[PDB]
Amino acid sequence: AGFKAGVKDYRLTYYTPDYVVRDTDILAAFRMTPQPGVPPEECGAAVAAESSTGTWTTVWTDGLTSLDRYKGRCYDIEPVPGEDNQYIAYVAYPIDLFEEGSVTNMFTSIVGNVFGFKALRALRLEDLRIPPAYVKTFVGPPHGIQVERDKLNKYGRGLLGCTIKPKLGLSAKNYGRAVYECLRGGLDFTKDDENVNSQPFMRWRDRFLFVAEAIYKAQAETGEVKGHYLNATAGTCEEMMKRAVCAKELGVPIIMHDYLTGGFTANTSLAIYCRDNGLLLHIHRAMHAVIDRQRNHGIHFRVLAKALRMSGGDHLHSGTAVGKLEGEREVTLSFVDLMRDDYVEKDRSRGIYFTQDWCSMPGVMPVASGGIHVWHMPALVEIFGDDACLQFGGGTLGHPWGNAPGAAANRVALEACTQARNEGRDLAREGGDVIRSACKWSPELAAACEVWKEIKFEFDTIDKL
Amino acid sequence: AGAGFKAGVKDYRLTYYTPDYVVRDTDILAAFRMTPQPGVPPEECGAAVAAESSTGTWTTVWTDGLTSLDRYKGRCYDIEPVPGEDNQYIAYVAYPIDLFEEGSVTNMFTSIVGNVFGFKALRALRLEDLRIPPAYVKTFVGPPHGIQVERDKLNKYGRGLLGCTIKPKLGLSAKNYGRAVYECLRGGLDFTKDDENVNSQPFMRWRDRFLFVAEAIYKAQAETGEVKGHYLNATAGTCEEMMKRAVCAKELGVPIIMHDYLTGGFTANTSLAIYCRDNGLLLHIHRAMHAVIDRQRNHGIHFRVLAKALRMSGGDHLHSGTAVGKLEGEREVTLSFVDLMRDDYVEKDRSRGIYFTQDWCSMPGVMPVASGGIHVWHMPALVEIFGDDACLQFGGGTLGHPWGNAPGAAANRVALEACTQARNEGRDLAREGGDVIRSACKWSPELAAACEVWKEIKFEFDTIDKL
Amino acid sequence: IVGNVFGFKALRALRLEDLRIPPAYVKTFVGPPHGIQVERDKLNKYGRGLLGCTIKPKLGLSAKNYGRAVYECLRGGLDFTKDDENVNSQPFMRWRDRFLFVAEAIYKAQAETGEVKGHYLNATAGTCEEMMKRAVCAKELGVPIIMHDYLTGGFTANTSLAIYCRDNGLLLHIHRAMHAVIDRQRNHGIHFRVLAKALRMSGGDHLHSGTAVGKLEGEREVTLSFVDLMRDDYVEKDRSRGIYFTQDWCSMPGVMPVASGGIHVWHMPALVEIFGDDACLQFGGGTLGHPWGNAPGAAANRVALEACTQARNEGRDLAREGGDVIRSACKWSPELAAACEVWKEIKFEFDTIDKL
Amino acid sequence: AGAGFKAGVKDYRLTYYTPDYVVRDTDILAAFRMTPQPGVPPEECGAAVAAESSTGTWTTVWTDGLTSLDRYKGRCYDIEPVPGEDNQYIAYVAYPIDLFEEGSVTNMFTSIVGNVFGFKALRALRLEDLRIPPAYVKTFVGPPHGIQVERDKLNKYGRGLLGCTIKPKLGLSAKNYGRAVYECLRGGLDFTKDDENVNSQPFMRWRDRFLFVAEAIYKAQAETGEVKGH
Amino acid sequence: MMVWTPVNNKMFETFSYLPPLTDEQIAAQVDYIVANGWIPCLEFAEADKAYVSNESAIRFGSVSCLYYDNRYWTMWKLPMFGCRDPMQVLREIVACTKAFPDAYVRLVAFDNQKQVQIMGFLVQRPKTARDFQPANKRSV
Amino acid sequence: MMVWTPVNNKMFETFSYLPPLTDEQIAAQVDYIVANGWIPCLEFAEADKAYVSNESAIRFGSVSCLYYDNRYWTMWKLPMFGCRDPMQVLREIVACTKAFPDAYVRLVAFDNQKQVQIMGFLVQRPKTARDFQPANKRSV
Ligand SMILES: O=C(O)[C@@](O)(COP(=O)(O)O)[C@H](O)[C@H](O)COP(=O)(O)O
Ligand SMILES: O=C(O)[C@@](O)(COP(=O)(O)O)[C@H](O)[C@H](O)COP(=O)(O)O
Ligand SMILES: O=C(O)[C@@](O)(COP(=O)(O)O)[C@H](O)[C@H](O)COP(=O)(O)O
Ligand SMILES: [Mg+2]
Ligand SMILES: [Mg+2]
Ligand SMILES: [Mg+2]
Ligand SMILES: [Mg+2]
């Protein structure tokens, strides 16, 4: 076997249906739509080749190494029922292909170029099996759910937060004023909006100082630990770190980062800084729906969530099912389990293509946020249980009596639903009764219930399983 | 009493649909291709996009009264139905310059594309274009050097530059990497490069590669008498690791590094571009992952926006597509990327998918890089599309030559120079290109061997991302 | 001295028994960061042995549970608690989380009792840079003491850490993990007396000495030789004690011996008799195994120690009257009585391998 | 009443001898050659070694109940009597990967060999082997270069490399050290080396040696045309 | 519009925003502990040690992030490992509050699989406390 | 199970966990000082200066390690160098406590060869002190 110049089919090297996957291989499940006339075996092989070791024509240098050892392998292809031209192609990648601890590198191989190939009409990465041997190369989340609860001294219920609004346009002093009023009413956290970084209307360091004053005021007033996710997202790594250092120096508990718009390289650096300095790290998934909305093309959020758990974050937005942004109940639950649990079994009915073993990597707190309000509380508690943060921005700052009553309304709702569950009530069946009873008891909650009673977000789902 | 706080939900269009708004020269403008859910009016959908990418949320908040929503709100100022579509619209949104962090592509994307693509009320959304005004452009450091400076540093004029990705993508040792690099460069290529996914791995650690590659660069440069480089990949898992790799390149005195701007991310990329400016390194940008975002017509972000973003964040080269190679990118769309990345001023032209006039206010131009499944027979088409200010990259097209890398390189170099000469002589490459290559394959044995192996190889498929 | 010669084909076995370190060489070492007198002075603790306790289970506790256990131990009358030698940073408990919760616990117990408290925070790490980061955190928390596993971390790291502790005013507890790999057998290896001298030179404020009576091997007379070699300024040659050379320490500070491992309240008189006041006596299982929990466990140990100390001061012979002293104390203190009952039958009596 | 806290001493084997345990592919495994004291059963000795190198101490502690000993405990899962020895056994112990600090050989040794070799209940103990699973191996940076890279940097292939320790071990001056090095290297050795105990001493300070050795390396390399090192 | 009072309105984490728990309601929470196999425990603190504070930070460099004093309270006896009898828990509540009638007392429970406290609420406050409001006086 | 009280249960280092020392027991400790040739001394402090505190650390950078205020007390007269008469020591205890009836007073002794305090215990607390428990009230 020597060097023969020229083009041959990818399938001769990269389609290996008799391959038995190794427990250290990274596996990918791609939903692929070949161009007409391109056999699925050749398409799957092309995806395997061009995401691992191969190019479009035979190269002599292959002979200096062992393609057998390094090649990506398309090892199974299954037609998708109800589709005439969609297939799931399974690809196995040797662990040697990957830089240790680098989500950036993993994505560069698996999703770097293959989505642009002329020979395919569409491609979606549905799932990735990250083996324990690769998981162990990552620092991972700075703290994780248990440590976070222990540092905050908060147990037995979901956490409550709130994004300050309007998104942009408030001064630093008005930002802290809004924060103090929200926190003092019973919210655990407030947060910078994802796009609040540093701007002409409000420079970051001014915000950080006034927010620190607000946190400490509300904490002293209520006797409960408080925090506000200060946004470290910035134009450069140096600016991001400056922002993290100021948070450290103010003694405040938590910062946030937009991992996709800032990027994985910055995110991983920030997570390492947070581990080393004891800061909690809230992760905002801004831009994810550019990538993860459509069924035929992109990357499913389950992969983006796994990637974040690896790169590092103490919280990650999960979707709400019931709010203004898309994300069906069962898919949301799959995200919750993948981000919190140590071991998640393959379950195709849930969209989980591979068994995922996290080998004791800390769990990430899911965050439910976006167009939620008090009437959603029983459904949210039922979906997430206690280990979640539920965020009410509009649902707090839109309360007719202001932020502190808005916060109290949300806190009473959460506590009433939690108490009812503990007492043995079935929130899926009796949730309406539970919230109604609470609205009849608390004037603050009653005011919220009245304003938002008719408000629902019910649309056809785009990202169906 | 005047206008006070009224709690509750109202239509976004009451505040955010402003069809009589006259855009300001400092506004950032966005053109969104929007597919509303049944029963949602386009005006409401456009208003929702403007609201939730600027100042608004789903219910009225009292804090609006403390500031001036008029001053800060994003504004949907025009909606046009799409010809040939029953439920698609172009919604135009204007954002005041005050909404944006100076010098931060990260911040600009966080607002414009952060949340709105996930709204239940829309079925699909694509960001087609952005108008970046000069007053915002001027806040960016931008490309470390740009085309003119790069040519002047390399002492290379009068033709496209030639490059080549080492293959196999992964699996070569550091020493074999340098061996392949030396053989490629010495045959007539200006550059070689690490594959986008070559960072640091068990089979080859980055610092070993950088050293052997340095030896190869300097060997080939001494042999040929022409300046040589190899794009050493600084892409890494953390900013600290990325910077260590850039520092090593600096300390070896080599000309150029590379970064995967989308998989590494804008925050890291901007930092790296600033480092390259301060230390005199060229920065080649690979667009790995772009097609995840930019392939489909109905949803995502068009590459023209991702290209503008990179010019702002900073890069000396950026992959543009080839038209004729293995990856998708139609000729006219490729030319729009070329002009948007190279030129100082690009006029609105809907026929080209250019929705806004773009003024770069003297920000340096970025060298387009044509790469992916190209070979010698494509040379006339590439020279005709790109002219001289481009890098043409042949990985498989060099390392797949039957006589090895140096003859492969020479074949590509002869083909390029033959087409350039013909162009200069007034020959129409669009019509005479085949003749030019055939004449050159007859003269050069190295080229003849390449011509024979790849004569029948074409990449012709239905285009997904049609204008 | 020990680099290559133990592997020579021409010998069947080789054991380094002793080293005479002359004053002119001793004087080239920074030595212990503080030493016994300075440690007592910083802690404001005089007139009795110090009492400590290793948190258990060895591994598997969360950072918050670690601090919880520490607070409960310290508040009952122990001077110190400690990380187990193998508690460094792990998936179940990362080091910085532990350091913070332990700081909370130390300061809570100190405020509650009015006595200075500490917890030996383990700086032992995979690299010198990681070790130093851990030391720096302890410095920044204002806590009194850290620990290092000198043999598994190694002498180069240990010497660096001791110098850091001198420069920043941290006490340094030294754990001798791995020593028995080297020092157990009579025919081959290096006797602990040499490993102890080496530690005194490299630097440590405390060093484990063995107990005689507990779960790990170390006969009474040999233990006493370690105590004298680590504490005293001058130790005369005495072959009957296994001391092959006169050792002159030329004013190098003394290291506090630490008696640890399978000891409990019934051993208290023997321990006080062996060590006198200048030692730390550590009760891990002997505190966290008390039927009423950590604070009562700590109180039991503190009462036992104080009762034995008082009795000794009064002229009672602990070698002959020790049993009576503990019995009288168990009758007076309910906490001690509960400990006495649980461990009454528990002894560790086996043939000694490392005989002189 | 479920299983609660019972103060006092019980046999280690009740918790730490688990002969039916199926080892996981991520467990660190140890093979210990153990010699128990008379009257100590091998199961109890093996269990004690497992316990005291993982989670256990000599008496029952209440804090076990706050965590999961099943998840964290070391497990003696097999005992083999030794060929020709009445009182020697190989005890096999499995340690969950969670017990170990990533990238730290120091930590791994501290658990596995930290205290157990000193237990009164054993007469002797030898650690014979360790199975380091891939998931733990991958947490280490490992060798700076390794064989292939070394050969490639030195440009040396097709034969063993040749070296030489300078002698006498101690007592040479820096200038005489470099003199000896140059003469060795120039005659065909690839490497010379400092003796293990040559660090910095009154007869030869390290930086003086490093400079003269540099001169010697470069002189021999220029003379022979082969890469040299010391 | 009602105004949430900032004066003497201190809270106590889970369930502090609800009406005070009746004996029946406390009993139901204990049933929930037992039903789920969690480990009940009681903790208590004198008034001066009840709420988070910062005093120890005087000794620190720039390392106060997520450090607070008074998160740890004092354990009543030991966690009730193996307890499957709700009446035993309630009896310990009576015994704890009898021994420390001027202390704050909270009932907590631990999950040993997650290794975290999984529930908790206040069961006693000192009669002398004047820093909290009854439910109907939280807003004015 | 008895619970060790965290409230008003301050201790005083050596011998504080035993029953209060009788006059005979104090005399026996003095005999021990004299028998060993150690140097007796008395020290005293007002209540506010009796227990370790952190207040001076407000003036520091990151150098609080093993710094505490109130470790030093005030010397009564001078150490009794050359004293070999236990009755003289006992008389000074009386004189010191009479002069400062509201102060904490401790008896200490020094070894000039080790150059360290070699023993010490409290001999008086103020009658107004309410921050300590009698032996039978240390657990409940
Ligand atoms: O900007 C916003 O819209 C929010 O602040 C919610 O505001 P409201 O609470 O006022 O709705 C959140 O960032 C989104 O929920 C993020 O979406 P996701 O969680 O899906 O990533
Ligand atoms: O990995 C590859 O496939 C390449 O190295 C080309 O190899 P060949 O030269 O052997 O084809 C380039 O990275 C792609 O061209 C990038 O695509 P684009 O330029 O469209 O971003
Ligand atoms: O790990 C242990 O076993 C200990 O924590 C004691 O625990 P217990 O108090 O529960 O016995 C000590 O590290 C050993 O005593 C060290 O031995 P040595 O002092 O001989 O070096
Ligand atoms: Mg937001
Ligand atoms: Mg490539
Ligand atoms: Mg130990
Ligand atoms: Mg040698």
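As deposited, the entry is annotated with X-ray crystallography as its determination method and 1.50 Å as its resolution.

The PDB entry annotates chain E as RIBULOSE BISPHOSPHATE CARBOXYLASE SMALL CHAIN 1 of Chlamydomonas reinhardtii. Reading the Subunit entry of the UniProt record for chain E gives the comment "Heterohexadecamer of 8 large and 8 small subunits." Looking at chain E in UniProt, the text filed under Sequence similarities is "Belongs to the RuBisCO small chain family."

The name the PDB entry assigns to chain D is RIBULOSE BISPHOSPHATE CARBOXYLASE LARGE CHAIN, from the organism Chlamydomonas reinhardtii.

Pulling in residues and values, what's your account of the sheet that holds strand β2 (residues 74-76) of chain F?
Residue and element names in this part refer to chain F. With antiparallel pairing, four strands are arranged side by side in an open sheet as β2-β1-β3-β4. Here the strands that pair on one side only, and so sit at the sheet edges, are β2 and β4 (116-124). If you compare each strand with its neighbour and ignore which way they point, the axes differ by 35 degrees on average. Bridge count between strand β1 (residues 39-45) and strand β3 (residues 104-111): seven bridges; the pairing is antiparallel.

Explain the packing of aromatic side chains residue by residue, including any values.
Following the criterion strictly, the structure yields 68 aromatic pairs over all chains and no others. Ring geometry for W76(E) versus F100(E): centroids 6.2 Å apart, planes at 90 degrees, classification edge-to-face. Remark: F100(E) occurs in the loop between α2 (86-99) and β3 (104-111) and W76(E) occurs in strand β2 (residues 74-76); sequence separation between them is 24 residues. The exposure classification of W76(E) matches that of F100(E), with both residues buried. Aromatic ring contacts, followed pair by pair, group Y93(A), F98(A), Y134(A) and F138(A) into a single cluster. In this structure, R106(F) packs its charged tip against the face of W73(F), placed 3.8 Å from the ring centre.

Outline the coordination of the magnesium ion (ligand 5), supporting the account with residue identities and numerical values.
Summarising the metal site, the magnesium ion (ligand 5) is bound by the protein donors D195(B) (OD) and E196(B) (OE), whose distances to it range over 2.0 Å. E196(B) carries the same exposure label as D195(B), and that label is buried.

So what's going on with the interface of chain E and chain D? Which residues, and what values?
In many reports, interface size means the accessible area that the parts give up when they come together. Counting residues at the interface gives eleven residues for chain E and eleven residues for chain D. Looking only at chain E, the three residues that lose the most surface to chain D are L78(E), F81(E) and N112(E), adding up to 50% of its buried area. For the pair chain E and chain D, the number of links is three residue pairs in polar contact. For the side of chain E that touches chain D, a count of residues per class yields six nonpolar, four polar and one charged.

I'd like a description of the pairing of strand β3 (residues 89-95) of chain D, backed by residues and values.
Residue and element names in this part refer to chain D. Of all seven residues making up β3, six are buried, and the element is well covered by its neighbours. Relative to β3, strand β1 (residues 28-36) is paired through seven bridges, and the arrangement is antiparallel. Bridge pairing in β3 places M34 opposite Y89. Sheet topology note: the strand β2 (residues 75-81)/β3 ladder contains six bridges and is antiparallel. By the bridge assignment, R75 is partnered in β3 with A94.

Criteria and thresholds
Residues numbered from 1 in each chain as written, not as in the entry; some residues may be left out. Chains lettered and ligands numbered in written order. Part of a larger assembly, values for the part shown. Heavy atoms only, no water. UniProt positions renumbered as here; feature names shortened; annotations may be inferred. Pairing = 2+ DSSP bridges. Helix = DSSP H or I, 4+ residues; strand = E, 2+ residues; numbered from the N terminus. Axes fitted to C-alpha atoms, helices over the stretch in contact; angles between N-to-C directions. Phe/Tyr/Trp six-rings, centres within 6.5 Å; stacked < 30°, edge-to-face > 60°. Buried < 20%, exposed > 50% of the residue type's maximum accessible area, 1.4 Å probe, protein only. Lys NZ or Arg CZ within 6 Å of the ring centre and 35° of its normal. Donors = N, O, S within 2.8 Å, 3.2 Å for Na, K, Ca; no water. Contact = heavy atoms within 4.5 Å. Buried area = accessible area lost by both parts, 1.4 Å probe. Polar contact = N/O pair within 3.5 Å; in protein donor to acceptor, adjacent residues only side chain to side chain. Nonpolar A, V, L, I, M, F, W, Y, C, P; charged D, E, K, R; others polar.

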